[PDB]
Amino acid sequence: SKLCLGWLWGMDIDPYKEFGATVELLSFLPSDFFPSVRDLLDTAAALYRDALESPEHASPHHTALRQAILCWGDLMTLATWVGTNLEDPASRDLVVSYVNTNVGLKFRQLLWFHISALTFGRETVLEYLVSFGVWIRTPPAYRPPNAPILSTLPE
């Protein structure tokens, strides 16, 4: 959709500001912190299925997940479409490779952000993002050796 584009390719679109964070907070995390796009898509789809099963659960994070899942679906369908006009799966594979390379990390940050908001609570995530940013920006001379850990909620 129009959102989509604006967020994926340049512009001035911070999808996190409405939820109380900033692209800069999410950009502090190393990439290995996040699971794969397809792993996060599986989790996000489970969470959206539960918000459909019980409509009281629903929240903005669910709608953001839906939209993320659909943007990704849109790009995959664009790849499959390129894999028809040029009749060969190698072209499709190249488009999917380009998407993963250039936007993969953006999708993983976004998906983890709402997934983790829904499973740890928004405030836990927000505080954790600040802690990791503080730690990453601390001069290595005085900062603790282990970065902050996000701990799972006690049941």
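All residue numbers are counted from 1 along the displayed sequence.
The question of which stretch, 57 to 65 or 37 to 45, has the higher mean Cα B factor is settled in favour of 57 to 65. Averaged over Cα atoms, the B-factor as recorded in the entry is higher for 86 to 94 than for the other of 86 to 94 and 105 to 113. The residue among 10, 20, 133, 15 whose C-alpha atom has the highest B-factor in the PDB entry is 10. Per the deposited record, the Cα B-factor of residue 70 falls in the middle third when ranked against the other modelled residues of its chain.
When the modelled residues of the chain are ordered by their C-alpha B factor, residue 127 lands in the middle third.
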